[PDB]
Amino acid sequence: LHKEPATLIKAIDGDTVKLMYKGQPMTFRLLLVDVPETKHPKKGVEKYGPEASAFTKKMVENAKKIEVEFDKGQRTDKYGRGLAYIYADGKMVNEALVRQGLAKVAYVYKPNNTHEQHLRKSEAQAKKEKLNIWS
């Protein structure tokens, strides 16, 4: 896997950000995590949704460098969003959400599962610490 540079356009929700990538605006979905949404229809605003959304927004708006990392499989989902791991100054946004109890590891589809054990490791610690979703 390779990290590539990108520029923030807009944070949209806890699990989605719009980035300038290779000179094209693109919406990206964070790989491997299920994040409580402020969007969504079967609820609209979910519990911990505003908190997860603010977390992601702050992390990307305040970064000096954003990088995207695609996994080994499909790079876009059926809504046209990029499927990637997103880093803000070297720190993976997907893992940071999970470590804080603001996301769960999602149902995983091979072969987009390169960082699966790493996130599940962080999720086990957040539940042990009883943080946010786990409290």
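Residues carry their position along the shown sequence, with the first being 1.
Colleague: Between 42-50 and 68-76, which has the higher average C-alpha B-factor in the PDB entry?
Modeller: Between 42-50 and 68-76, it is 42-50.
Colleague: Take the C-alpha B-factors listed in the entry for 58-66 and for 105-113, compute each mean, and give the stretch with the larger one.
Modeller: Between 105-113 and 58-66, it is 105-113 that shows the higher mean C-alpha B-factor.
Colleague: Could you look up the Cα B-factor of residue 8 in the entry and say which third of the chain it sits in: lowest, middle or highest?
Modeller: Tercile = lowest for this residue's CA B-factor.
Colleague: Which third, lowest, middle or highest, does the CA B-factor of residue 24 fall in along this chain?
Modeller: As the PDB entry reports it, the C-alpha B-factor of residue 24 lands in the highest third of its chain.
Colleague: Quick check on the deposited entry: does the C-alpha B-factor of residue 124 sit in the lowest, middle or highest third of its chain?
Modeller: CA B-factor rank for residue 124: highest third.
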